[PDB]
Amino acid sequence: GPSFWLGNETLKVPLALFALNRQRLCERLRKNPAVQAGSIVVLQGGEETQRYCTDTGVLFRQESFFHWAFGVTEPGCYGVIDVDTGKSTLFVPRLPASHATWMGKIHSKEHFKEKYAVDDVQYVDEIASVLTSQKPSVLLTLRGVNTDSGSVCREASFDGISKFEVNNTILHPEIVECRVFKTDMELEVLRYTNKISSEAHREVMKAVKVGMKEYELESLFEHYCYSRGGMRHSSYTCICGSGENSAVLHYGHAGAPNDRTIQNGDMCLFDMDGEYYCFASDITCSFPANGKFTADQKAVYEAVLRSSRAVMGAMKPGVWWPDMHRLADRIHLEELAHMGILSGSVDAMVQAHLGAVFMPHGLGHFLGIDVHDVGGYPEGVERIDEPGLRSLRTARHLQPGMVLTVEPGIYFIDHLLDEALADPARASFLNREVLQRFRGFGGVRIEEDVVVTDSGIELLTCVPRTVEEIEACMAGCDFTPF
């Protein structure tokens, strides 16, 4: 069958991947008692966009649900699936003659059918008449709430949809649940994205020199991922935190655009990834800017390495993800106590939520077509209203096929530390005189991507992780663009 490919050593992704997803969605919908026979799934692709009122085009990236079902890269398309048969039909725009001058070849309907291995291809302006001729029960459209953004999914619509019976409640929870569980074909892509990004992280560690700007490493990472990986997009805005910036979880945005000079003695926290064909990776490496851990840096870093490996070692089907978050908290507190930053009963620290002072974010999240993938809080799965845990992007139990990030971290965040020092329930645990040394330290985060198996997990990421390994990697005398 046909496959998506950018040549060179990039991965060939079979379009059968998306046919399997369409089939899995139909199989699940058929088992839903509320689903009438003759139902048709209707999805609307993304459209081209420009900057504000200008004609400056924004690079198009397909909507995730639509890509999951069809894998279509072209803007302005629709896609429908007959639930009972699973028959797929892709609607493409009818392009004007001038498209041949400015944009490129005007491909046939037959070309798209062969390209995407769908059952039929029609023009977008025909969608109402085509659907009418098919005598459908009900049009199943996408509407639901993304539990990370709070946004409502955009329901498909076309002129003449008035005429149909539309249900916009059934589909979202079912297609979400399908996306939660990755097929072996999806997993082959996620292995690939992790490979390229792992290689790019290694190159960054090799290249980093005191005096460079953080964004120089962002540029190198993205250049490796694009030129060698075909990853034209980044799965998110790259986070290149040097020094105290490594305590800023989502550093690198426009308000704080990776513009700090890397100084001798800094800890680097590089949380960056790209996507290949809308499939994500999410990896974070922490390392000393000058290639040699100090004693304090080693202690903080190896505390996070310990929680990382303890969580991965415990992960298997049936494990409650909040329990893993709480395991990482307890480990961090134990290590911080060993360092002398903390004193007293770790049990009491945990009862007082002291772990969230040092890790205010969730231990990890689902990963897939979106870096913060869907399905973390389906109906009946509630968010825990406790420090740290409330930032978890899922409170679910692990099952085979789920793809998770494991990204424990320890950070020295002034306003969270100051809050704790003012709370008598937590101040007694903290040793101000030792902690003062760690103000401005920043933080360490170690992020791995894993797949839940029948017996445990499969690690997708392959980067240096121990102190010895990182120091060996950064000292490696051996990718020189220009």
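Numbering starts at 1 and follows the sequence shown.
- Count the deposited residues lacking coordinates between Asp478 and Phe479 and you get 1 to 3 of them.
- For the pair 212-220 and 87-95, the mean B factor over Cα atoms is greater in 87-95.
- Here 282-290 and 266-274 are compared by their mean Cα B-factor, and 266-274 comes out higher.
- Considering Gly230, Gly409, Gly79, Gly150 together, the PDB entry gives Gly150 the largest C-alpha B factor.
- When the Cα B-factors of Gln399, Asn258, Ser308, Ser108 are read from the PDB record, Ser108 comes out highest.
- The deposited CA B-factor of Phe366 belongs to the lowest third of values across its chain.
- In the deposited entry, the Cα temperature factor of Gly71 places it in the highest third of its chain's modelled residues.
- Remark: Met324 belongs to the middle third of its chain, ranked by C-alpha B-factor as recorded.
- Looking at the C-alpha B-factors along this chain, the one for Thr54 belongs to the lowest third.
- The PDB entry assigns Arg179 a C-alpha temperature factor belonging to the middle third of its chain's modelled residues.
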